[PDB]
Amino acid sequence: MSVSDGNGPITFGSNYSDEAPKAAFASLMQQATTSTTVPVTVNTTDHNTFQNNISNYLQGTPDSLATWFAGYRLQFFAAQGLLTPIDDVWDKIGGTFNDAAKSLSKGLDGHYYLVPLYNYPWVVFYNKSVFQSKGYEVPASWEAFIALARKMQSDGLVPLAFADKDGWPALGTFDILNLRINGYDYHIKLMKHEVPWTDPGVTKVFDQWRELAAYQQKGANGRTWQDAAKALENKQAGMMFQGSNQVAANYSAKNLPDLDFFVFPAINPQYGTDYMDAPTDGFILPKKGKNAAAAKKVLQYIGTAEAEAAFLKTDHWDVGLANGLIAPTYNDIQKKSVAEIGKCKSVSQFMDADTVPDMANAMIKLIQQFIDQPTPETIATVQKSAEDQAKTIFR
């Protein structure tokens, strides 16, 4: 019952199926085993299968602990009574994390269910040498952002490299516009379908996008994000908004040193740059798992700067949530990720994790339809179709 009293074996359901993260996690649990004296067994499942089978897994005979991530499904499991609360764990580790890390680790009931490990930012990337050479400043506001994009056009540059052939990349622009214009609470209400897609707030997002789109690369729907990132890297575009493990991962080693980012500019004083999509992975304690007390002891080991640094040794883009932690292995993009993500009041989890997976998929074509023809007429059509499909998806 006391974390202190938890002993004996635990199992650990893991979706770390790819070679490198598999190896990193195995090493981490061997270190946790040695330190806590709780012998940890890792049961690995194909990444996609694990998340597809999650509800059945949790209701069956799940492991003592499981890999999961913040957002919609985490909250649903908590309300279902499928997860053990870990307020006791957070009595020990709470001092290591900020308010936003705490919020994403909680259920709607205010109890903790998750111990987070890392995340990465969705931000606006750029080349330092270009900003230096051409006399650009980082824009902190919408007015400054639009003035900069117009200056980039006067200099012959595409302001924002932009691509959506892959479907998901443009969901981030919807997210960031919603977070900047309407706020985090509003965004989450919409993701959970507490607010309908026909809501005026959604209209506001697409109207702002109509202005944004004048500065976004043409023909985005036929462009892979790698090609857009290549345009930024070749200095054909001034900026590109996307996740760090995409844009920065795509750079050659020769060009990476030139890469930097800023957060999406503030639109409102009300919401400033308070919010960001920073998809966060962590660990949960399944109610039906065995040996909870020993599992809590292992979670306490996991909720440390030490555990984060050890797991991320070979990870180039993700960063730990421990408040202000700069691991000795971080590169410059990771250091700035730690600084900016840490400033956030809340971090959303990207659309595909803040809403249900079926809804984020539905949104892919509808956003593509907007990008092909960003008019008031298509906005109305997109809002109606989105609401139509939500009504059948949400139940």
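We number the residues from 1 along the sequence you see.
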On mean C-alpha B-factor from the PDB entry, just flag whether 261-269 or 173-181 is the higher one.
261-269
64-72 set against 325-333, stretch whose average Cα temperature factor tops the other in the entry:
325-333
Quick one: which of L212, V202, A278, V195 has the biggest Cα B-factor according to the entry?
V195
For the chain shown, is the CA B-factor of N361 in the lowest, middle or highest third of its modelled residues?
highest
Can you work out whether the C-alpha temperature factor of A229 puts it in the lowest, middle or highest third of the chain?
middle
Chain-relative C-alpha B factor for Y251 (record values, thirds): the highest
When the deposited Cα B-factors of this chain's modelled residues are ordered and cut into thirds, is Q349 in the lowest, the middle or the highest one?
lowest
Can you tell me whether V89 has a C-alpha B-factor in the lowest, middle or highest third compared with the other modelled residues of the same chain?
highest
